[PDB]
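Next up, coords.cif (mmCIF, C-alpha atoms):
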```
data_protein
loop_
_atom_site.group_PDB
_atom_site.id
_atom_site.type_symbol
_atom_site.label_atom_id
_atom_site.label_comp_id
_atom_site.auth_asym_id
_atom_site.auth_seq_id
_atom_site.Cartn_x
_atom_site.Cartn_y
_atom_site.Cartn_z
ATOM 1 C CA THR A 1 3.537 8.455 7.110
ATOM 2 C CA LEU A 2 6.480 6.340 8.225
ATOM 3 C CA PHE A 3 9.509 7.832 9.942
ATOM 4 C CA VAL A 4 13.015 6.453 9.543
ATOM 5 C CA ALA A 5 15.784 6.822 12.122
ATOM 6 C CA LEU A 6 18.776 8.711 10.747
ATOM 7 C CA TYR A 7 20.946 7.961 13.766
ATOM 8 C CA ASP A 8 20.969 5.319 16.497
ATOM 9 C CA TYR A 9 19.944 6.257 20.027
ATOM 10 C CA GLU A 10 19.699 4.255 23.233
ATOM 11 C CA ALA A 11 16.921 5.176 25.643
ATOM 12 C CA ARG A 12 17.946 6.652 28.975
ATOM 13 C CA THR A 13 14.660 5.634 30.558
ATOM 14 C CA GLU A 14 11.549 3.583 29.777
ATOM 15 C CA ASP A 15 9.803 6.716 28.556
ATOM 16 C CA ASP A 16 12.020 7.085 25.521
ATOM 17 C CA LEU A 17 12.562 4.204 23.104
ATOM 18 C CA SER A 18 15.871 2.793 21.909
ATOM 19 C CA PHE A 19 16.346 2.486 18.156
ATOM 20 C CA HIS A 20 18.967 2.030 15.468
ATOM 21 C CA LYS A 21 19.710 3.657 12.122
ATOM 22 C CA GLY A 22 17.061 2.565 9.637
ATOM 23 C CA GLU A 23 14.340 1.974 12.218
ATOM 24 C CA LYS A 24 10.778 2.577 11.034
ATOM 25 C CA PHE A 25 8.248 4.012 13.479
ATOM 26 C CA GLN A 26 4.489 4.339 13.346
ATOM 27 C CA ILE A 27 3.702 7.791 14.727
ATOM 28 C CA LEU A 28 0.827 7.412 17.172
ATOM 29 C CA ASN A 29 0.622 10.917 18.614
ATOM 30 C CA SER A 30 2.563 13.732 16.968
ATOM 31 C CA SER A 31 0.478 16.342 18.775
ATOM 32 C CA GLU A 32 2.094 15.413 22.104
ATOM 33 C CA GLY A 33 4.690 18.134 21.578
ATOM 34 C CA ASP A 34 8.321 17.880 20.530
ATOM 35 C CA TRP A 35 8.768 14.232 21.450
ATOM 36 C CA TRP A 36 6.250 11.967 19.768
ATOM 37 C CA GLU A 37 5.062 8.618 21.053
ATOM 38 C CA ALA A 38 5.423 6.054 18.298
ATOM 39 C CA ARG A 39 5.271 2.310 17.815
ATOM 40 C CA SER A 40 8.188 0.620 16.075
ATOM 41 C CA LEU A 41 7.313 -1.381 12.973
ATOM 42 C CA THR A 42 10.128 -3.825 13.665
ATOM 43 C CA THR A 43 9.813 -4.487 17.403
ATOM 44 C CA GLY A 44 6.260 -3.296 17.894
ATOM 45 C CA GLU A 45 7.121 -1.560 21.155
ATOM 46 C CA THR A 46 5.919 1.882 22.216
ATOM 47 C CA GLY A 47 7.838 4.880 23.494
ATOM 48 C CA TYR A 48 8.842 8.486 22.909
ATOM 49 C CA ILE A 49 11.109 9.131 19.937
ATOM 50 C CA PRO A 50 13.233 12.248 19.300
ATOM 51 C CA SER A 51 12.004 14.104 16.213
ATOM 52 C CA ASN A 52 15.564 15.292 15.518
ATOM 53 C CA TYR A 53 16.850 11.730 15.088
ATOM 54 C CA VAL A 54 14.089 10.672 12.705
ATOM 55 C CA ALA A 55 13.035 11.777 9.237
ATOM 56 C CA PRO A 56 9.713 11.310 7.390
ATOM 57 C CA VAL A 57 9.761 9.004 4.375
ATOM 58 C CA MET E 1 22.485 24.567 38.892
ATOM 59 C CA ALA E 2 20.932 26.513 36.004
ATOM 60 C CA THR E 3 17.742 27.237 34.088
ATOM 61 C CA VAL E 4 17.715 26.143 30.438
ATOM 62 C CA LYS E 5 15.776 28.169 27.875
ATOM 63 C CA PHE E 6 14.020 26.451 24.984
ATOM 64 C CA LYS E 7 11.262 26.862 22.413
ATOM 65 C CA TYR E 8 8.600 24.202 23.061
ATOM 66 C CA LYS E 9 7.075 24.046 19.569
ATOM 67 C CA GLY E 10 7.237 27.838 19.540
ATOM 68 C CA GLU E 11 6.552 28.416 23.231
ATOM 69 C CA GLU E 12 9.632 30.111 24.683
ATOM 70 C CA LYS E 13 10.168 28.869 28.224
ATOM 71 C CA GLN E 14 12.919 28.372 30.786
ATOM 72 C CA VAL E 15 13.069 25.251 32.949
ATOM 73 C CA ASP E 16 15.671 24.172 35.507
ATOM 74 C CA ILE E 17 18.125 21.534 34.296
ATOM 75 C CA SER E 18 17.405 19.678 37.539
ATOM 76 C CA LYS E 19 13.895 18.994 36.229
ATOM 77 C CA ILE E 20 15.056 17.334 33.011
ATOM 78 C CA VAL E 21 14.696 13.562 32.649
ATOM 79 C CA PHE E 22 16.668 12.746 29.499
ATOM 80 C CA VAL E 23 18.652 14.752 26.946
ATOM 81 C CA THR E 24 19.110 13.778 23.303
ATOM 82 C CA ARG E 25 21.542 15.878 21.275
ATOM 83 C CA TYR E 26 21.637 15.371 17.509
ATOM 84 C CA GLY E 27 24.614 17.600 16.795
ATOM 85 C CA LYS E 28 22.384 20.231 15.255
ATOM 86 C CA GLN E 29 19.389 20.388 17.613
ATOM 87 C CA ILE E 30 19.022 19.276 21.236
ATOM 88 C CA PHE E 31 15.745 17.656 22.287
ATOM 89 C CA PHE E 32 14.802 16.840 25.879
ATOM 90 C CA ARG E 33 11.897 16.382 28.289
ATOM 91 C CA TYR E 34 11.255 18.066 31.631
ATOM 92 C CA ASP E 35 8.976 17.264 34.556
ATOM 93 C CA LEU E 36 7.649 20.366 36.312
ATOM 94 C CA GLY E 37 6.513 20.038 39.914
ATOM 95 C CA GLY E 38 3.533 22.219 39.127
ATOM 96 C CA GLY E 39 1.721 19.220 37.686
ATOM 97 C CA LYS E 40 2.614 20.055 34.097
ATOM 98 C CA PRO E 41 5.390 18.247 32.176
ATOM 99 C CA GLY E 42 6.573 19.021 28.669
ATOM 100 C CA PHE E 43 9.316 18.876 26.077
ATOM 101 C CA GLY E 44 12.002 21.294 24.996
ATOM 102 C CA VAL E 45 14.165 21.861 21.951
ATOM 103 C CA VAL E 46 17.318 23.977 21.924
ATOM 104 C CA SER E 47 19.146 24.864 18.720
ATOM 105 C CA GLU E 48 22.871 24.146 18.917
ATOM 106 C CA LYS E 49 23.412 27.063 16.547
ATOM 107 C CA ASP E 50 20.922 29.690 17.739
ATOM 108 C CA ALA E 51 21.734 29.331 21.444
ATOM 109 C CA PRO E 52 24.663 29.992 23.847
ATOM 110 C CA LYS E 53 27.150 27.115 23.887
ATOM 111 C CA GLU E 54 27.584 27.596 27.637
ATOM 112 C CA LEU E 55 24.099 26.169 28.230
ATOM 113 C CA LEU E 56 24.600 23.488 25.580
ATOM 114 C CA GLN E 57 27.602 22.202 27.545
ATOM 115 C CA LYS E 58 25.237 21.718 30.473
ATOM 116 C CA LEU E 59 22.628 19.752 28.533
ATOM 117 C CA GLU E 60 24.797 17.004 27.065
ATOM 118 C CA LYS E 61 27.553 15.981 29.445
ATOM 119 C CA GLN E 62 30.099 13.165 29.348
ATOM 120 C CA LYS E 63 28.383 9.768 29.609
ATOM 121 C CA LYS E 64 24.836 11.141 29.590
#
```
Could you rewrite the structure in this file as structure tokens?
Amino acid sequence: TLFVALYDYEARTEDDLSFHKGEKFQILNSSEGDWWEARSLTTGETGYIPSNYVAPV
Amino acid sequence: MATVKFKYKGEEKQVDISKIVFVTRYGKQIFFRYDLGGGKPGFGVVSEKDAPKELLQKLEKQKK
């Protein structure tokens, strides 16, 4: 299950991850709560991503 | 300042805005994370349609 970013968002900390429209993330832990920690398929970095800005493909 | 109410994956809770780290508004739903001093952090989601705009104006401010 890959998630694509609908809108771009710049991280405000090192907890959240910055991404752009069209970004593909590999959901690592979706059971963390509202914000899920995922690993980008493009950069390969880890961080929390807002579920409202992404959509499942 | 104020205590924001949210529904953490269904868990209705109210946490002080002063305990929030970052706020990400989508224009439909606001998602954020809070750090409680009681040794228990979490996340919070507030609907921009099913919640008072007064509190929404406190979540996402100019140059957030």
Contact residues (chain E, partner chain A, 12 Å, only C-alpha atoms) as a ChimeraX atom specification: /E:6-11,20-34,41-48,63-64
One-decimal distance in Å that lies between atom CA of residue 1 of chain E and atom CA of residue 38 of chain E: 19.1 Å
d(atom CA of residue 50 of chain E, atom CA of residue 18 of chain A) in Å: 27.7 Å
Expected selection from the PyMOL selection byres ((chain A and resi 38) around 6), given as a PyMOL selection string: chain A and resi 25-28+37+39+46-47
Distance in Å - atom CA of residue 17 of chain A versus atom CA of residue 54 of chain A: 12.3 Å
Hits of the PyMOL selection byres ((chain E and resi 13-15) around 6) in this structure, as a PyMOL selection string: chain E and resi 3-6+12+16
Nearest to residue 30 of chain A, chosen from A:42, A:55, A:48, A:14, with all atoms listed in the file counted in the distances: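 Distance minimum relative to residue 30 of chain A lands on A:48.
Matched in the shown structure by the PyMOL selection byres ((chain A and resi 23) around 9): residues 3, 4, 5, 6, 8, 19, 20, 21, 22, 24, 25, 40, 41, 42 and 54 of chain A.
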What would segment 14-31 of chain A look like with N, CA and C atoms in place, written as a PDB file, in the coordinates of the input?
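Now in result_7.pdb:
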```pdb
ATOM      1  N   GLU A  14      12.536   4.447  30.413  1.00  0.00           N
ATOM      2  CA  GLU A  14      11.549   3.583  29.777  1.00  0.00           C
ATOM      3  C   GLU A  14      10.519   4.441  29.054  1.00  0.00           C
ATOM      4  N   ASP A  15      10.682   5.751  29.195  1.00  0.00           N
ATOM      5  CA  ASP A  15       9.803   6.716  28.556  1.00  0.00           C
ATOM      6  C   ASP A  15      10.190   6.836  27.092  1.00  0.00           C
ATOM      7  N   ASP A  16      11.483   6.990  26.862  1.00  0.00           N
ATOM      8  CA  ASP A  16      12.020   7.085  25.521  1.00  0.00           C
ATOM      9  C   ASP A  16      12.311   5.682  25.007  1.00  0.00           C
ATOM     10  N   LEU A  17      12.327   5.516  23.695  1.00  0.00           N
ATOM     11  CA  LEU A  17      12.562   4.204  23.104  1.00  0.00           C
ATOM     12  C   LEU A  17      13.907   4.136  22.392  1.00  0.00           C
ATOM     13  N   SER A  18      14.589   3.013  22.555  1.00  0.00           N
ATOM     14  CA  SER A  18      15.871   2.793  21.909  1.00  0.00           C
ATOM     15  C   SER A  18      15.649   2.343  20.468  1.00  0.00           C
ATOM     16  N   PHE A  19      16.470   2.844  19.559  1.00  0.00           N
ATOM     17  CA  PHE A  19      16.346   2.486  18.156  1.00  0.00           C
ATOM     18  C   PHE A  19      17.686   2.585  17.449  1.00  0.00           C
ATOM     19  N   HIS A  20      17.750   2.017  16.256  1.00  0.00           N
ATOM     20  CA  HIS A  20      18.967   2.030  15.468  1.00  0.00           C
ATOM     21  C   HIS A  20      18.717   2.698  14.125  1.00  0.00           C
ATOM     22  N   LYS A  21      19.793   3.018  13.427  1.00  0.00           N
ATOM     23  CA  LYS A  21      19.710   3.657  12.122  1.00  0.00           C
ATOM     24  C   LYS A  21      18.934   2.777  11.142  1.00  0.00           C
ATOM     25  N   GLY A  22      17.867   3.320  10.577  1.00  0.00           N
ATOM     26  CA  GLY A  22      17.061   2.565   9.637  1.00  0.00           C
ATOM     27  C   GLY A  22      15.760   2.079  10.244  1.00  0.00           C
ATOM     28  N   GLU A  23      15.557   2.377  11.524  1.00  0.00           N
ATOM     29  CA  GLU A  23      14.340   1.974  12.218  1.00  0.00           C
ATOM     30  C   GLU A  23      13.128   2.711  11.660  1.00  0.00           C
ATOM     31  N   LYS A  24      12.016   2.000  11.546  1.00  0.00           N
ATOM     32  CA  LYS A  24      10.778   2.577  11.034  1.00  0.00           C
ATOM     33  C   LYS A  24       9.749   2.645  12.155  1.00  0.00           C
ATOM     34  N   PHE A  25       9.216   3.831  12.403  1.00  0.00           N
ATOM     35  CA  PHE A  25       8.248   4.012  13.479  1.00  0.00           C
ATOM     36  C   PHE A  25       6.888   4.448  12.965  1.00  0.00           C
ATOM     37  N   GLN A  26       5.858   3.981  13.653  1.00  0.00           N
ATOM     38  CA  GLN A  26       4.489   4.339  13.346  1.00  0.00           C
ATOM     39  C   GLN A  26       4.061   5.419  14.330  1.00  0.00           C
ATOM     40  N   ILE A  27       4.062   6.664  13.876  1.00  0.00           N
ATOM     41  CA  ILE A  27       3.702   7.791  14.727  1.00  0.00           C
ATOM     42  C   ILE A  27       2.275   7.662  15.241  1.00  0.00           C
ATOM     43  N   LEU A  28       2.136   7.536  16.555  1.00  0.00           N
ATOM     44  CA  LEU A  28       0.827   7.412  17.172  1.00  0.00           C
ATOM     45  C   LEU A  28       0.270   8.787  17.508  1.00  0.00           C
ATOM     46  N   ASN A  29       1.047   9.575  18.237  1.00  0.00           N
ATOM     47  CA  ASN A  29       0.622  10.917  18.614  1.00  0.00           C
ATOM     48  C   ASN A  29       1.729  11.930  18.366  1.00  0.00           C
ATOM     49  N   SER A  30       1.581  12.713  17.305  1.00  0.00           N
ATOM     50  CA  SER A  30       2.563  13.732  16.968  1.00  0.00           C
ATOM     51  C   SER A  30       2.177  15.074  17.589  1.00  0.00           C
ATOM     52  N   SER A  31       0.980  15.127  18.157  1.00  0.00           N
ATOM     53  CA  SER A  31       0.478  16.342  18.775  1.00  0.00           C
ATOM     54  C   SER A  31       0.825  16.389  20.265  1.00  0.00           C
TER      55      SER A  31
END
```
